[PDB]
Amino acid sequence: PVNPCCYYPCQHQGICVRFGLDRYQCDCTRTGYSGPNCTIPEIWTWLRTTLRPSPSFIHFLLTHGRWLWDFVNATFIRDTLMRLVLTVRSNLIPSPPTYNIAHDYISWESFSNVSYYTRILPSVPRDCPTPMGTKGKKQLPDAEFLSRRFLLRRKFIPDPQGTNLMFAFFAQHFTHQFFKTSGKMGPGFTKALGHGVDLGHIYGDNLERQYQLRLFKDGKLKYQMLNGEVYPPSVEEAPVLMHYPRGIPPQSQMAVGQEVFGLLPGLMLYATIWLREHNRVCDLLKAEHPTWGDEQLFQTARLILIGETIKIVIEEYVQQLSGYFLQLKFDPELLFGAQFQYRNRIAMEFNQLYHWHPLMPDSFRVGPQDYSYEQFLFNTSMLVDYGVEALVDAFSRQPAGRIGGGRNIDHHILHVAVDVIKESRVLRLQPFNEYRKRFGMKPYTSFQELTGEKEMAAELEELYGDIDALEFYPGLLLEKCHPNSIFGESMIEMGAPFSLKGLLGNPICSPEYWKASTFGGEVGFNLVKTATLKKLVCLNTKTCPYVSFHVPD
């Protein structure tokens, strides 16, 4: 008999469980609901969901009326909201983590094995009629045509929010510390066992390699002087597995924490910058703490750097993305109010959703020059050629591709998207609509409602058969976007909760850790609290270029 759970009977986060031959039962525990399917709301829950504004109304608010916000921001109401965002958003995320590619149920192996990604919804069961559960055609839409007809850029669409490539690369850099899928273990598994902001893209994902990159004098990282400027050393000087092409000089290969960073100067730029930062922070620390050995200098530098990273991403990166008039604020003290887990596990869903390749331009402009993809990719000298200042000026001046709304991925990298989808299908990821519901939205009733348009819609309608067969990742990228926006509500509402839980769940945000001691006292603590994209750059260079996550005017 057909598998009942395959209908996803359990609403509102109830857990569908098989009993006897073909019965099921939903466990409605702590859902706010009861009944066979968790649809009968408790007194407080009914109260809640009717007095609750729709996500878009809230967004509208946060993005309109400067006059109210000028006010709010300068008063404490700035913090009440920040607290609210933090706790409400994060709540959507199970911690301790629930499921993994192997387990569709809570298990110890699931909980203790950090090589796995987690997931918020269970897989689509194998014993099921259609690969998306119950709805749609037998064999799913072709991955390659889907990317061609819908994600392949025709002409270039700059982000209407003015996001620059400075941002784009920072995202790529930043994220490739917690997304590193295992080649050898395959889909659903991960190298990045820090599972968040450990900065393992600077100090590597392992101790042994970490050790290889370290000077072991003064808490510092190894480095090479070139044209008077500091850079990550060569693989000959610091011998770690780096994914450069073969034949390429280990004498040209640069050594950073993330094996793939040698492949784009974008990444190699930030690896440079963060390295200078780290060494720079060591210099400061050794002035106040001369009695300190080498080890306590490195480990402290790393905290500060972890601290700095979270401060910026929150107060600048997410700001840019949100466009909110409310100024966001990094302050773990907001979270000492309520029940919070300073623990994070990366979901496969988060992975899928962060494949932000659209941001990537038709070509890369460095003042007068116009380097193509082939010219840019795997370049072994561009970084050293221009230096940091010059390549910060350039990335900060170039508009990035809008993410949502479709047809805005450059053909050079469209194969990523293809794989993401194909990868999605191996992972038996649930339908997009099933994820709407789980991230507190209504499901879309049609393809029209999704795209806010007819042509793509009715075209997808027939490829996919039903809208409840629409997949996660395609769905995120094809949904309509309010003009003036970088992407669609589902990206915000699905991503934000994975995003914030990933930032604040870090243990340096705990009552235990968030003290000055942790950061070698007050200069250490103040460095975290006042850290900036400008500062991070212009403190570590001879001159100071346009630095920002947005283009100038």
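Take the two forms, find the largest set of C-alpha atoms that superpose within 1.5 Å, and that set is the rigid core. Position 1 is the first residue in the sequence shown; the rest follow in order.
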{"property": "137-145 against 245-253 - segment lying farther from this form in 5 other deposited structures of this protein (CA RMS, rigid core fit)", "result": "245-253"}
{"property": "Of 407-415 and 91-99, which departs more from this form in 5 other deposited structures of this protein by CA RMS after core fitting", "result": "91-99"}
{"property": "310-318 versus 323-331 - greater average Cα B-factor per the deposited record", "result": "323-331"}
{"property": "Entry-level comparison of average CA B-factors, 70-78 and 396-404, reporting the higher stretch", "result": "70-78"}
{"property": "Residue selected from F350, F378, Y270, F298 by maximal Cα B factor", "result": "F378"}
{"property": "Candidate residues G200, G133, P94, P265, the one whose C-alpha B factor the record puts highest", "result": "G133"}
{"property": "Lowest, middle or highest third - CA B-factor, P160", "result": "middle"}
{"property": "Where the record places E512 (Cα B-factor, split into thirds across the chain)", "result": "lowest"}
{"property": "Relative C-alpha B-factor of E493, binned into the chain's lowest, middle or highest third", "result": "lowest"}
{"property": "Assigned third (lowest, middle, highest) for the C-alpha B factor of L146", "result": "highest"}
{"property": "Ranked against its chain, the third holding the CA B-factor of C10", "result": "middle"}
